Number of protein chains: 2
Amino acid sequence: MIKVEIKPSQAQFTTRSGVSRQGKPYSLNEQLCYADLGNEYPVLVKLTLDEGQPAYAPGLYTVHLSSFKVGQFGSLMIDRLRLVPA
Amino acid sequence: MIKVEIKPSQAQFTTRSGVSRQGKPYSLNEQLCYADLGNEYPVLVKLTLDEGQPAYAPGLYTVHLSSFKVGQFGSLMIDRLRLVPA
C-alpha cells in the first residue's frame with residue numbers, strides 16, 4: 001500500500017477552467033498531497049478530483065483500485081489517483 | 001493491494017531490440033500477467049522487466065513501491081510495474 005497524507009495546509013482545492021475542442025466548457029479541481037515513495041521524506045503529488053467530489057480532509061489515506069487502467073500500449077497506468085481512508 | 005497473477009502459460013519472456021538515437025543498442029524483456037482491477041475477470045497486462053532480472057515464476061504477486069514516480073506534470077505515474085511475492 002501507498003501511504004498518502006493530506007497535511008492541514010493541503011485541505012483546499014483550486015479550480016482550473018477552459019473550453020474543449022468542440023466548444024464544451026470544463027472545470028478541473030486540483031488538490032495537493034504527500035506520498036511516501038520510500039525516499040528519505042514523502043514527496044509532493046498533485047491530485048485531480050472527480051466530478052462532484054469535495055476535497056479530501058486532512059489525514060491518512062491509501063490508493064483505491066479504480067485509480068488504475070490498462071493503457072493503449074498494454075501496460076498498466078494510473079488514470080486518476082483516487083483515495084480511500086486508511 | 002493489486003493482486004497480480006502470472007499464470008502457468010505466462011512463465012516466459014520475449015525480447016525486443018533496437019538502436020537508440022545516438023547509436024547505443026538496447027534490449028527489452030517483456031512478460032504478460034493478469035491483474036485484478038475489480039471487473040468480472042482479471043485483465044491482461046504487459047510487464048517490461050529490469051536489466052538482469054529473470055522472468056517472474058507462476059504465482060501470486062503484489063506491486064512494489066518502486067513502480068511509482070512523480071511525472072513531469074506533478075501527478076503520480078507508473079514508471080515500470082515491479083512485483084514482489086504475495
# chains A, B, ... in the order shown; residues from 1 in each chain; ligands from 1
$ residues_around --residues "residue A:59" --least-positions-apart "3" --cutoff "10 Å" --atoms "only C-alpha atoms" --output "PyMOL selection string"
chain A and resi 4-8+11+56+85-86
$ write_last_selection --atoms "C-alpha atoms" --output "mmCIF file, in the first residue's frame"
data_model
loop_
_atom_site.group_PDB
_atom_site.id
_atom_site.type_symbol
_atom_site.label_atom_id
_atom_site.label_comp_id
_atom_site.auth_asym_id
_atom_site.auth_seq_id
_atom_site.Cartn_x
_atom_site.Cartn_y
_atom_site.Cartn_z
ATOM 1 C CA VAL A 4 -0.752 9.199 1.185
ATOM 2 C CA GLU A 5 -1.182 12.093 3.595
ATOM 3 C CA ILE A 6 -3.239 15.275 3.190
ATOM 4 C CA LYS A 7 -1.493 17.761 5.569
ATOM 5 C CA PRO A 8 -3.527 20.521 7.351
ATOM 6 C CA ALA A 11 -7.189 20.899 2.889
ATOM 7 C CA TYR A 56 -10.159 15.139 0.857
ATOM 8 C CA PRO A 85 -9.331 6.406 4.225
ATOM 9 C CA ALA A 86 -6.649 4.229 5.753
#
$ calpha_fit_and_write --fixed "chain B" --moving "chain A" --output "short mmCIF file (atom, residue, chain, number, x, y, z; two decimals) with N, CA and C atoms, in the first residue's frame"
data_model
loop_
_atom_site.label_atom_id
_atom_site.label_comp_id
_atom_site.auth_asym_id
_atom_site.auth_seq_id
_atom_site.Cartn_x
_atom_site.Cartn_y
_atom_site.Cartn_z
N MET A 1 -3.99 -3.29 -2.04
CA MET A 1 -3.05 -4.02 -2.87
C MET A 1 -3.66 -4.55 -4.17
N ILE A 2 -2.88 -4.41 -5.27
CA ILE A 2 -3.25 -5.01 -6.55
C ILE A 2 -2.80 -6.47 -6.55
N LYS A 3 -3.74 -7.39 -6.79
CA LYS A 3 -3.41 -8.80 -6.92
C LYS A 3 -2.96 -9.01 -8.37
N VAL A 4 -1.74 -9.49 -8.60
CA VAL A 4 -1.27 -9.81 -9.94
C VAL A 4 -0.97 -11.31 -9.94
N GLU A 5 -1.33 -11.96 -11.05
CA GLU A 5 -1.04 -13.38 -11.17
C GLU A 5 -0.27 -13.68 -12.44
N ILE A 6 0.81 -14.47 -12.32
CA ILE A 6 1.50 -14.96 -13.53
C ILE A 6 0.87 -16.35 -13.67
N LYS A 7 0.16 -16.64 -14.76
CA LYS A 7 -0.41 -17.98 -14.99
C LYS A 7 0.67 -18.93 -15.50
N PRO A 8 0.50 -20.27 -15.43
CA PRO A 8 1.49 -21.20 -15.99
C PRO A 8 1.87 -20.92 -17.44
N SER A 9 0.92 -20.44 -18.25
CA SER A 9 1.15 -20.14 -19.67
C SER A 9 1.96 -18.85 -19.91
N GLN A 10 2.24 -18.08 -18.86
CA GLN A 10 2.92 -16.78 -18.93
C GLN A 10 4.31 -16.80 -18.31
N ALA A 11 4.90 -17.98 -18.09
CA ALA A 11 6.18 -18.15 -17.43
C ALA A 11 7.43 -17.74 -18.22
N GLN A 12 7.29 -17.34 -19.48
CA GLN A 12 8.43 -16.91 -20.28
C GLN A 12 8.34 -15.47 -20.66
N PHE A 13 9.49 -14.92 -21.07
CA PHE A 13 9.52 -13.58 -21.62
C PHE A 13 9.93 -13.61 -23.10
N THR A 14 9.61 -12.53 -23.79
CA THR A 14 10.11 -12.32 -25.14
C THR A 14 11.02 -11.09 -25.14
N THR A 15 11.89 -10.92 -26.13
CA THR A 15 12.83 -9.80 -26.13
C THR A 15 12.68 -8.98 -27.40
N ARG A 16 12.56 -7.66 -27.25
CA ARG A 16 12.59 -6.78 -28.41
C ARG A 16 13.89 -5.98 -28.36
N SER A 17 14.35 -5.59 -29.55
CA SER A 17 15.64 -4.95 -29.70
C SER A 17 15.65 -3.82 -30.70
N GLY A 18 16.73 -3.03 -30.61
CA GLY A 18 16.93 -1.89 -31.49
C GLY A 18 18.12 -1.04 -31.10
N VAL A 19 18.18 0.13 -31.75
CA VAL A 19 19.25 1.10 -31.55
C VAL A 19 18.69 2.48 -31.21
N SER A 20 19.27 3.07 -30.15
CA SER A 20 18.92 4.40 -29.66
C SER A 20 19.29 5.52 -30.63
N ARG A 21 18.81 6.73 -30.33
CA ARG A 21 19.01 7.91 -31.17
C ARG A 21 20.45 8.20 -31.59
N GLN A 22 21.34 7.99 -30.62
CA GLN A 22 22.75 8.20 -30.85
C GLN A 22 23.61 6.94 -30.93
N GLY A 23 23.06 5.83 -31.45
CA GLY A 23 23.85 4.64 -31.74
C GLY A 23 23.93 3.51 -30.72
N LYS A 24 23.58 3.65 -29.44
CA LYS A 24 23.63 2.57 -28.46
C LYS A 24 22.58 1.47 -28.72
N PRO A 25 22.94 0.18 -28.79
CA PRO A 25 21.99 -0.94 -28.76
C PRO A 25 21.21 -1.06 -27.45
N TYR A 26 19.98 -1.57 -27.50
CA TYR A 26 19.18 -1.83 -26.30
C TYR A 26 18.45 -3.15 -26.49
N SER A 27 18.06 -3.76 -25.38
CA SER A 27 17.19 -4.93 -25.37
C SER A 27 16.18 -4.80 -24.24
N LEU A 28 14.91 -5.10 -24.54
CA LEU A 28 13.85 -5.04 -23.57
C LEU A 28 13.18 -6.39 -23.43
N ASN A 29 13.06 -6.94 -22.21
CA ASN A 29 12.37 -8.21 -21.98
C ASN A 29 10.95 -7.96 -21.49
N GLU A 30 9.98 -8.59 -22.14
CA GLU A 30 8.59 -8.38 -21.82
C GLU A 30 7.88 -9.67 -21.40
N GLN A 31 7.02 -9.58 -20.39
CA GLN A 31 6.28 -10.74 -19.89
C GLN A 31 4.81 -10.36 -19.69
N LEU A 32 3.86 -11.30 -19.86
CA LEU A 32 2.46 -10.99 -19.63
C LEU A 32 1.99 -11.46 -18.27
N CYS A 33 0.95 -10.83 -17.74
CA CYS A 33 0.36 -11.21 -16.45
C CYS A 33 -1.12 -10.79 -16.42
N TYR A 34 -1.84 -11.24 -15.39
CA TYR A 34 -3.23 -10.85 -15.15
C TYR A 34 -3.28 -10.03 -13.88
N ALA A 35 -3.97 -8.89 -13.98
CA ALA A 35 -4.15 -8.02 -12.86
C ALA A 35 -5.63 -7.84 -12.59
N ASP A 36 -5.97 -7.97 -11.31
CA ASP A 36 -7.34 -7.90 -10.92
C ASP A 36 -7.63 -6.44 -10.64
N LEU A 37 -8.37 -5.87 -11.59
CA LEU A 37 -8.76 -4.47 -11.44
C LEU A 37 -10.21 -4.29 -11.01
N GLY A 38 -10.76 -5.33 -10.39
CA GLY A 38 -12.12 -5.27 -9.86
C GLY A 38 -13.24 -5.45 -10.88
N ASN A 39 -12.96 -5.85 -12.13
CA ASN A 39 -14.01 -6.12 -13.09
C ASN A 39 -14.46 -7.58 -12.93
N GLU A 40 -15.37 -8.12 -13.75
CA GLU A 40 -15.80 -9.52 -13.58
C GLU A 40 -14.70 -10.56 -13.73
N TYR A 41 -13.67 -10.29 -14.54
CA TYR A 41 -12.50 -11.14 -14.63
C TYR A 41 -11.22 -10.27 -14.60
N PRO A 42 -10.04 -10.76 -14.15
CA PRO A 42 -8.75 -10.09 -14.30
C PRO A 42 -8.42 -9.73 -15.76
N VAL A 43 -7.62 -8.67 -15.97
CA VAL A 43 -7.27 -8.26 -17.31
C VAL A 43 -5.81 -8.51 -17.63
N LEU A 44 -5.50 -8.69 -18.92
CA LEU A 44 -4.14 -8.91 -19.36
C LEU A 44 -3.32 -7.63 -19.38
N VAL A 45 -2.10 -7.66 -18.79
CA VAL A 45 -1.21 -6.52 -18.64
C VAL A 45 0.20 -6.92 -19.10
N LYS A 46 0.87 -6.07 -19.91
CA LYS A 46 2.28 -6.29 -20.29
C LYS A 46 3.25 -5.70 -19.27
N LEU A 47 4.25 -6.50 -18.88
CA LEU A 47 5.36 -6.11 -17.99
C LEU A 47 6.66 -5.93 -18.80
N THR A 48 7.47 -4.90 -18.51
CA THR A 48 8.81 -4.77 -19.07
C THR A 48 9.74 -5.00 -17.90
N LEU A 49 10.61 -6.02 -17.97
CA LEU A 49 11.48 -6.39 -16.86
C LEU A 49 12.68 -5.46 -16.69
N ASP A 50 13.30 -5.37 -15.52
CA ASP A 50 14.52 -4.56 -15.38
C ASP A 50 15.73 -5.34 -15.85
N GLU A 51 16.80 -4.63 -16.20
CA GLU A 51 18.03 -5.26 -16.68
C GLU A 51 18.56 -6.32 -15.73
N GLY A 52 18.93 -7.47 -16.28
CA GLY A 52 19.48 -8.58 -15.50
C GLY A 52 18.46 -9.37 -14.68
N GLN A 53 17.15 -9.10 -14.79
CA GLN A 53 16.14 -9.80 -14.00
C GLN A 53 15.51 -10.95 -14.80
N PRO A 54 15.39 -12.18 -14.28
CA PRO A 54 14.66 -13.30 -14.87
C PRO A 54 13.15 -13.07 -14.93
N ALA A 55 12.46 -13.89 -15.73
CA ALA A 55 11.01 -13.83 -15.74
C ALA A 55 10.48 -14.21 -14.36
N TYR A 56 9.40 -13.53 -13.92
CA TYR A 56 8.68 -13.94 -12.72
C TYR A 56 8.11 -15.35 -12.90
N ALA A 57 8.23 -16.21 -11.87
CA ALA A 57 7.67 -17.54 -11.88
C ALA A 57 6.15 -17.52 -11.71
N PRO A 58 5.35 -18.52 -12.14
CA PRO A 58 3.92 -18.57 -11.92
C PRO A 58 3.59 -18.41 -10.44
N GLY A 59 2.54 -17.65 -10.13
CA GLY A 59 2.14 -17.48 -8.76
C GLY A 59 1.50 -16.11 -8.54
N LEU A 60 1.23 -15.82 -7.27
CA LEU A 60 0.61 -14.57 -6.89
C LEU A 60 1.61 -13.55 -6.39
N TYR A 61 1.36 -12.30 -6.83
CA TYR A 61 2.25 -11.18 -6.57
C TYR A 61 1.51 -9.90 -6.20
N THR A 62 2.21 -8.96 -5.56
CA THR A 62 1.61 -7.63 -5.38
C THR A 62 2.63 -6.62 -5.96
N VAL A 63 2.32 -5.33 -5.97
CA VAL A 63 3.13 -4.30 -6.60
C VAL A 63 4.11 -3.62 -5.64
N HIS A 64 5.40 -3.52 -6.01
CA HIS A 64 6.40 -2.86 -5.18
C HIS A 64 6.31 -1.34 -5.31
N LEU A 65 6.61 -0.61 -4.21
CA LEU A 65 6.61 0.84 -4.20
C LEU A 65 7.47 1.51 -5.26
N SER A 66 8.58 0.89 -5.64
CA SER A 66 9.46 1.44 -6.67
C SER A 66 8.84 1.49 -8.07
N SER A 67 7.62 0.96 -8.25
CA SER A 67 6.89 1.07 -9.50
C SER A 67 6.45 2.50 -9.81
N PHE A 68 6.41 3.37 -8.78
CA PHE A 68 5.84 4.69 -8.96
C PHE A 68 6.87 5.81 -8.97
N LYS A 69 6.51 6.91 -9.61
CA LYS A 69 7.35 8.12 -9.66
C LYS A 69 6.45 9.33 -9.88
N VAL A 70 6.94 10.54 -9.52
CA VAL A 70 6.15 11.72 -9.85
C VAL A 70 6.57 12.11 -11.27
N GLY A 71 5.57 12.26 -12.13
CA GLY A 71 5.76 12.61 -13.54
C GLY A 71 6.04 14.08 -13.80
N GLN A 72 6.24 14.45 -15.07
CA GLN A 72 6.60 15.84 -15.35
C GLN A 72 5.48 16.84 -15.16
N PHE A 73 4.22 16.44 -14.92
CA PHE A 73 3.16 17.39 -14.66
C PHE A 73 2.81 17.42 -13.16
N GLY A 74 3.57 16.71 -12.31
CA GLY A 74 3.36 16.68 -10.87
C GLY A 74 2.40 15.60 -10.37
N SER A 75 1.79 14.81 -11.26
CA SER A 75 0.88 13.74 -10.85
C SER A 75 1.64 12.41 -10.75
N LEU A 76 1.12 11.44 -10.00
CA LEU A 76 1.82 10.18 -9.87
C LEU A 76 1.63 9.36 -11.15
N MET A 77 2.68 8.62 -11.49
CA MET A 77 2.66 7.77 -12.66
C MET A 77 3.28 6.43 -12.34
N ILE A 78 2.97 5.42 -13.17
CA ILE A 78 3.72 4.18 -13.05
C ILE A 78 4.96 4.34 -13.91
N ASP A 79 6.15 4.07 -13.35
CA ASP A 79 7.36 4.07 -14.13
C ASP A 79 7.43 2.71 -14.85
N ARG A 80 7.63 1.66 -14.07
CA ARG A 80 7.58 0.30 -14.59
C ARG A 80 6.93 -0.52 -13.49
N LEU A 81 5.98 -1.39 -13.82
CA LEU A 81 5.33 -2.22 -12.82
C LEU A 81 6.34 -3.28 -12.34
N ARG A 82 6.71 -3.19 -11.06
CA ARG A 82 7.67 -4.08 -10.43
C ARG A 82 6.94 -4.89 -9.39
N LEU A 83 7.16 -6.20 -9.35
CA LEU A 83 6.38 -7.08 -8.48
C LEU A 83 7.21 -7.73 -7.40
N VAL A 84 6.49 -8.07 -6.31
CA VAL A 84 7.08 -8.83 -5.19
C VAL A 84 6.13 -9.95 -4.78
N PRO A 85 6.60 -11.13 -4.31
CA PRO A 85 5.73 -12.25 -3.96
C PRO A 85 4.72 -11.89 -2.88
N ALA A 86 3.49 -12.36 -3.06
CA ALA A 86 2.45 -12.04 -2.09
C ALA A 86 2.51 -12.75 -0.74
#
$ select_by_dssp --residues "stretch 35-80 of chain B" --states "strand (DSSP E or B)" --output "ChimeraX atom specification"
/B:35,43-48,59-63,68-70,76-78
$ select_by_dssp --residues "chain B" --states "helix (DSSP H, G or I)" --output "number ranges by chain"
B: 8-10, 65-67
